[PDB]
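By convention in this document, chain letters (A, B, ...) are assigned in the order of the sequence lines, proteins followed by strands, and residues within each chain are numbered from 1.
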Amino acid sequence: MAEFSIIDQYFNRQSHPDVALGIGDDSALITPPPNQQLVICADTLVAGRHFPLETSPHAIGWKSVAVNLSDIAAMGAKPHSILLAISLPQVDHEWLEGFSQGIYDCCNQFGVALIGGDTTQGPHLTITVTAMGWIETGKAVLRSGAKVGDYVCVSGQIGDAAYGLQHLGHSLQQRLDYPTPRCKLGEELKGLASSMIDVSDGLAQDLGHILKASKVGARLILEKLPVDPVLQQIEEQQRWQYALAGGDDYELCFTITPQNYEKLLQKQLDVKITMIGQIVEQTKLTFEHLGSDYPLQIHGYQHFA
Amino acid sequence: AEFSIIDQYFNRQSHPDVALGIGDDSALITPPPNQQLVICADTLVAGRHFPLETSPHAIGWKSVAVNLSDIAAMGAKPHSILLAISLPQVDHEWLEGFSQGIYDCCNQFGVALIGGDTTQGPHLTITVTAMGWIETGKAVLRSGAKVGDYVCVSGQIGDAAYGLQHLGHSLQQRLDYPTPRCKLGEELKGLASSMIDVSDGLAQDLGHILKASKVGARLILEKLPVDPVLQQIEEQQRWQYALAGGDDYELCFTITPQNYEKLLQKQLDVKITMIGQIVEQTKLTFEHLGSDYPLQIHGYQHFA
Ligand SMILES: Nc1ncnc2c1ncn2[C@@H]1O[C@H](COP(=O)(O)OP(=O)(O)O)[C@@H](O)[C@H]1O
Ligand SMILES: Nc1ncnc2c1ncn2[C@@H]1O[C@H](COP(=O)(O)OP(=O)(O)O)[C@@H](O)[C@H]1O
Ligand SMILES: Cc1ncc(C[n+]2csc(CCOP(=O)(O)OP(=O)(O)O)c2C)c(N)n1
Ligand SMILES: Cc1ncc(C[n+]2csc(CCOP(=O)(O)OP(=O)(O)O)c2C)c(N)n1
Ligand SMILES: [Ca+2]
Ligand SMILES: [Ca+2]
Ligand SMILES: [Ca+2]
Ligand SMILES: [Ca+2]
Ligand SMILES: [Ca+2]
Ligand SMILES: [Ca+2]
Ligand SMILES: [Mg+2]
Ligand SMILES: [Mg+2]
Ligand SMILES: [Mg+2]
Ligand SMILES: [Mg+2]
Ligand code: NA
Ligand code: NA
């Protein structure tokens with residue numbers, strides 16, 4: 001099987017009648033919802049860098065979509081559609097079947113259409129998904145906007161995926177392979193969060209982008225960081241390195257006034273939310289453990305580091 | 001370091017019509033009224049889409065150009081791009097040239113670079129996403145061709161294919177620096193009945209129109225616009241370059257005789273050639289000096 005047959009078999013599997021023009025032409029066409037801005041992002045996953053080489057193709061497909069929906073969610077936007085650019089060295093039908101099932105399972109979970117892409121023979125498995133969302137004009141939640149006194153919160157748990165990576169085969173590998181983009185939470189934070197970012201690199205570094213953009217700092221409370229029971233039972237310095245510098249969480253970190261936090265707590269959310277600290281004037285990220293200053297060195301993720 | 005790379009090479013310019021550009025989790029664009037989003041992505045792989053020794057400036061240029069070509073093929077006005085680049089090492093001479101190529105192409109066509117992703121990976125792989133806008137319902141589709149419509153192509157076909165087989169020749173410029181026919185694409189909006197850009201080869205790419213439109217075509221071989229260099233090579237190889245060479249990134253379109261006259265009255269920035277006609281029976285046939293002319297043609301396909 002060659003390119004065109006591969007696209008028709010694996011990447012044109014569903015009807016999306018609410019899309020003006022899907023797969024089959026030089027470009028896709030989307031009629032915007034009225035009074036909304038386009039929200040758009042792209043993230044690349046490289047085999048052996050963003051996932052273990054032995055990762056199941058279904059997980060690879062899932063995560064390729066999920067990490068991009070996470071950046072849409074981080075703006076407060078509603079995700080709509082994706083493009084899929086996949087480059088791989090050989091036609092492997094078992095692999096293509098699993099991969100495309102992963103793409104579509106993630107798309108279907110979050111109501112997203114696959115409307116276009118590019119299919120390429122290349123020496124090393126590389127996937128770039130583009131995600132498209134829409135938001136009420138002017139209402140995006142930015143990385144700027146955090147104010148002194150705002151609570152710092154994070155969704156779900158942090159550190160799971162990083163622990164999983166260092167313990168392949170452990171149950172927590174599921175959080176590495178199958179992160180959950182917090183799509184509904186992102187939408188529910190529109191109008192409530194004063195700033196937001198998704199946690200791809202590690203809580204400390206990604207919160208750091210908010211702190212820099214907003215020209216503020218934060219004090220975080222280590223015993224409040226939401227970690228898995230498994231990490232609660234390991235050495236605390238190791239625990240907090242996973243939680244704060246592990247990365248691969250794809251949770252949402254956001255700031256919010258006490259006032260708006262009470263409003264948020266009144267909503268029915270599909271993920272837990274944990275208040276983990278507060279924005280301060282001092283432009284430094286500091287940590288405390290049960291009332292005591294806690295010195296902590298955190299190495300962040302960067303390509304070519 | 002990744003962050004300094006983005007700031008030095010890929011965040012070089014300010015852009016008038018972008019609600020939110022580089023620096024956040026996503027970019028934000030305010031649509032023009034009564035217009036649809038037109039969106040596409042194309043990947044270039046080193047050693048597959050370009051010779052390994054290709055200059056970084058040409059790699060950057062072509063990375064953008066091929067994506068603007070797909071926007072143009074819809075009749076749409078390009079607006080912005082995303083750049084996803086994966087590469088094994090930081091090479092500042094390479095990155096400077098590559099960036100300059102990206103921005104030279106963007107600037108020539110009034111396009112903003114508004115986001116992307118920068119990655120360390122074993123093999124140079126570039127995926128640009130292009131975004132444009134078009135009056136709702138006025139996209140030129142592959143599916144609109146009608147019996148009796150003229151078949152036309154812009155510019156020259158076969159140049160880039162010849163250039164690849166004769167690296168160092170002047171025609172290598174058409175391999176390294178294809179020209180996306182942005183203005184012609186826009187001017188065909190409301191005139192062309194169907195359109196496609198010729199990335200794979202005229203015969204195969206016209207074929208996509210024929211299949212989508214459920215029609216056939218008869219092409220006139222002596223009318224194909226080839227370079228003077230190709231007129232000098234024996235005709236079988238000439239036809240193969242012209243029809244199956246690929247990498248042209250010209251526009252192939254169908255148009256009624258009446259609308260063709262209207263098109264001719266416009267001032268275009270590129271040559272246009274009538275090369276045949278849409279017919280009822282659903283096959284592609286070639287004609288040479290008034291006679292049917294059998295040709296075996298294979299357009300480009302990955303994994304074939
Ligand atoms: N992996 C993929 N997933 C979804 N759509 C895809 C994929 N690969 C290609 N497509 C779509 O299939 C169609 C044909 O792609 P392609 O032949 O590469 O177009 P072009 O030659 O105009 O770039 C396009 O509409 C493209 O968006
Ligand atoms: N090569 C590039 N060209 C243009 N913009 C880029 C490029 N790489 C990254 N960006 C932009 O730089 C910002 C930071 O990117 P990144 O740190 O990867 O964000 P995230 O962690 O949210 O995915 C984003 O706004 C992204 O779109
Ligand atoms: C094999 C393997 N090694 C290491 C990691 C850990 N890892 C890879 S990329 C990354 C950070 C997130 O990737 P990045 O490209 O920076 O995401 P983005 O900021 O673009 O969303 C981490 C922690 C992994 N998941 N798999
Ligand atoms: C080193 C090298 N080998 C071969 C070619 C020729 N070539 C590579 S890809 C291609 C077809 C166009 O690429 P494709 O990915 O199919 O473009 P798309 O249809 O996605 O726009 C051709 C003719 C080249 N340009 N460089
Ligand atoms: Ca990335
Ligand atoms: Ca991301
Ligand atoms: Ca990162
Ligand atoms: Ca391609
Ligand atoms: Ca293309
Ligand atoms: Ca092709
Ligand atoms: Mg095309
Ligand atoms: Mg393509
Ligand atoms: Mg992000
Ligand atoms: Mg990124
Ligand atoms: Na991204
Ligand atoms: Na494309």
Side-chain angles (χ1 to χ4, degrees), chain A residues 26-27 40-42 44 83 85 87 116-118 120 128 130, chain B residues 5-6 9-14 16 18 21-22 27 29 37-46 48-51 54-74 76-87 94-119 124-133 155 160 173-182 184-186 197-199 247-251 269-270:
Chain A
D26 297 275
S27 299
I40 186 165
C41 58
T44 300
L83 307 176
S87 176
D118 197 45
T120 304
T128 301
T130 297
Chain B
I5 290 167
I6 298 165
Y9 299 108
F10 303 127
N11 196 6
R12 294 199 152 173
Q13 294 184 190
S14 333
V18 177
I22 293 161
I29 304 171
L37 174 69
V38 184
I39 184 161
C40 58
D42 267 353
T43 301
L44 301 189
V45 167
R48 179 158 305 264
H49 293 87
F50 51 86
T54 304
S55 74
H57 182 271
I59 291 167
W61 173 276
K62 187 163 177 168
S63 294
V64 177
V66 302
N67 282 288
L68 302 187
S69 186
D70 277 319
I71 301 291
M74 305 304 296
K77 186 190 306 182
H79 182 278
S80 45
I81 60 163
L82 307 180
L83 168 64
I85 177 164
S86 176
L87 73 174
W94 191 92
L95 285 167
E96 180 64 31
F98 176 74
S99 166
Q100 193 61 40
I102 295 287
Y103 278 109
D104 282 348
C105 196
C106 288
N107 289 333
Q108 181 156 326
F109 298 103
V111 170
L113 171 59
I114 66 173
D117 194 48
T118 304
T119 309
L124 177 58
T125 304
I126 302 140
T127 301
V128 162
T129 298
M131 297 83 75
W133 304 97
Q173 289 308 110
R174 291 275 287 157
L175 179 71
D176 289 352
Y177 292 100
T179 302
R181 303 303 187 184
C182 294
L184 172 66
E186 295 204 79
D197 66 316
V198 187
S199 50
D247 266 323
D248 298 293
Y249 297 99
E250 296 289 357
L251 295 175
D269 59 14
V270 66

Provide the closest heavy-atom pair for B/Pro16 versus B/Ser14 in the form atom of the first, atom of the second, distance. CD-O, 4.0 Å
Just verifying a value: how many Å separate B/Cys106 SG and B/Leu113 CG, rounded to the nearest 0.5 Å? 6.0 Å
Contacts of type side-chain contact (heavy atoms from CB on, under 4.5 Å), residue B/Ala65, not counting sequence neighbours: B/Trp61, B/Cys105, B/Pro178, B/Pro180
Please list all pairs passing the salt bridge (charged side-chain N to carboxylate O under 4.0 Å, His left out) test where one or both residues lie in residues 58-71 of chain B, with sequence neighbours left out. B/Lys62-B/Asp247
Say you draw a straight line from OG1 of B/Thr179 to CD of B/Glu250; how long is it, rounded to the nearest 0.5 Å? 7.5 Å
Stepwise, does the side chain to side chain contact (heavy atoms under 4.5 Å, CB included) test hold for B/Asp42 with B/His49? CA-CA 11 Å; B/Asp42 267 353; B/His49 293 87; over 6 Å; no
So B/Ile126 and B/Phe98, do their side chains get closer than 4.5 Å, heavy atoms only? yes
Rounded to the nearest 0.5 Å, how far apart are CD1 of B/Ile85 and CD1 of B/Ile102? 7.0 Å
Heavy-atom closest contact (B/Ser63 atom, B/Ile59 atom, distance): OG-O, 2.7 Å
How far does CD1 of B/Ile71 sit from CD1 of B/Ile39, to the nearest 0.5 angstrom? 7.5 Å
Can you name the side chain to side chain donor-acceptor pair (under 3.5 Å) partners of B/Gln108, sequence neighbours left out? none
A side-chain contact here means heavy atoms from C-beta on lying under 4.5 Å apart; do B/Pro51 and B/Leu175 qualify? yes
For a side chain to side chain contact (heavy atoms under 4.5 Å, CB included) check, start with the C-alpha distance between B/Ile81 and B/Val64, then their side-chain angles and the critical distance, and finish with the verdict. CA-CA 8 Å; B/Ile81 60 163; B/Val64 177; 3.9 Å; yes
If you round to the nearest 0.5 Å, how far is CD1 of B/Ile114 from CG of B/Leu82? 5.5 Å
Output for pair (B/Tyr249 OH, B/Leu68 CG), nearest 0.5 Å, gives 12.0 Å
Please test B/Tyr9 against B/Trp94 for side chain to side chain contact (heavy atoms under 4.5 Å, CB included), starting from the C-alpha separation and ending with a verdict. CA-CA 11 Å; B/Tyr9 299 108; B/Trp94 191 92; over 6 Å; no
Where do B/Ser69 and B/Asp197 come nearest, in terms of heavy atoms and distance? OG-OD2, 2.8 Å
Any luck finding a side-chain donor-acceptor pair between B/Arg12 and B/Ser99 under 3.5 Å? yes
With a 4.5 Å cut-off on side-chain heavy atoms, are B/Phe50 and B/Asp176 touching? no
In short, A/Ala42 meets A/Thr130 closest at the heavy-atom pair CB-OG1, 3.8 Å
Aromatic plane relationship, B/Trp133 with B/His79 - under 30° parallel, 30 to 60° tilted, over 60° perpendicular: perpendicular
Scan B/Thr43, B/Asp117, B/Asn67 and name whichever one has a side-chain hydrogen bond (donor to acceptor under 3.5 Å, both in side chains) with B/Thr127. B/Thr43
